[PDB]
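Trainee: What would the 3D arrangement of this be:
(chains A, B and C)
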Amino acid sequence: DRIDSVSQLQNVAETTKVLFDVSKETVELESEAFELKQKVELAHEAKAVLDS
Amino acid sequence: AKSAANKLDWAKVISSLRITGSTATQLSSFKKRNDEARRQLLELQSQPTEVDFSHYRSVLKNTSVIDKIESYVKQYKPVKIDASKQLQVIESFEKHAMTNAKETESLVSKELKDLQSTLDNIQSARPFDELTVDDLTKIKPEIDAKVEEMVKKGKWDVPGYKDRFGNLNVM
Amino acid sequence: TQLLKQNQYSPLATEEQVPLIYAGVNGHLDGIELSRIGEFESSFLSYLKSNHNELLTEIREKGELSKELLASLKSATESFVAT
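Mentor: Residues are numbered from 1 along each chain as shown, chains lettered A, B, ... in the order given. Have a look at this structure:
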């Protein structure tokens, strides 16, 4: 039974490193379009005033 | 990229069968889907952030503000830079990640062969008919140790026998 | 009948009609209780628009399901069923 328990995570821990790696960027890489959000909302009011 | 980002997320859900009750890894995956889903919608609804001086300005014959507004867009055309500030703490999460994963991987790699040798040990070392109880004394002094204080403390009666072997009472 | 429900002002497209009703033949009774089959269909659509855009495309330009395309669609449906 302990053969299976050890073999459950024989391949997991090293494959979780790239998992832990990429998950960090994919979470904390949302700032570039956050600034684009600032200019996208800047565009809407620019359209809004001229439409007004 | 987008399909590649969550492609390895389908790896952790398979990794999640052995690890049940993940407090924040799924939340972090949820967070990395929550913001990412906000990304595609943001860029698809993103018009070219400009006022059409050709059409959208010439529709107004009383312009008087569009050039100011067009300049106002251009003066703030460099809205704000990205924030790639995380270059010392983000890897500090990773440096713990290298430390514990290799600690785990070194142990499991050692134990899988060590426990496999135990299986090879037991299959060809089974003296179920020729083992010595004195050899059991040798293999564990606890077997030797547990018998002396048994008599001194007064636990003369020993249960746990009739369950396996009958008492073998004569008729 | 709970699956065919839709909301106004939300038109849909054939390339994502096909997966939802195809799931209605190979695994629909295992849906996660009736009040939560709607986000089941939405999450199925998400799981096919992400990481599975090839299926949606192939079925949207050619307009039909080839044998290998049927196999891939069945595989995706059962994969999200196990999910």
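
Trainee: show me the contacts for residue 50.
Mentor: Since you didn't name a chain, this refers to chain A. Residues in contact with residue A:50 (CB atoms under 8 Å, 6 or more residues apart in numbering or on different chains) are B:51, B:56, B:57, B:60, B:65, B:66, B:69. For every residue, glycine as well, the C-beta is placed using N, CA and C.

Trainee: wait, chain C
Mentor: Residues near residue C:50 by CB under 8 Å, 6+ apart: B:2, B:3, B:6.

Trainee: Now do the last one against chain A, distance only.
Mentor: So the one you mean is residue B:6. With the distance defined as CB to the nearest CB, to the nearest Å, residue B:6 ends up 8 Å from chain A.

Trainee: Any of the contacts of residue A:50 buried? List them.
Mentor: Listed as buried from those are B:51, B:56, B:57, B:66, B:69; burial here means 16 or more other CB atoms under 10 Å in any protein chain shown.

Trainee: Just give the nearest non-adjacent residue to the last one, would you?
Mentor: Which is residue B:69. In this structure, residue B:69 finds its nearest non-sequential neighbour in residue A:46, 5.9 Å apart by CB to CB, 6 or more residues apart in numbering or on different chains.

Trainee: which parts of the helix ranked longest in chain C are buried?
Mentor: In terms of residue count, the longest helix belonging to chain C (DSSP state H) is helix C:67-82. Along helix C:67-82, these residues count as buried under the neighbour rule (16+ other CB under 10 Å): C:69, C:72, C:73, C:74, C:76, C:77, C:80.

Trainee: now swap in stretch B:81-98 and tell me
Mentor: In stretch B:81-98, counting by 16+ other CB under 10 Å, buried: B:90, B:97.

Trainee: with the buried residues of helix C:67-82 in mind, which one is nearest to residue C:27?
Mentor: Out of the buried residues of helix C:67-82, the one with the shortest distance to residue C:27 is residue C:77. That distance is 6.5 Å, counting by CB to CB.
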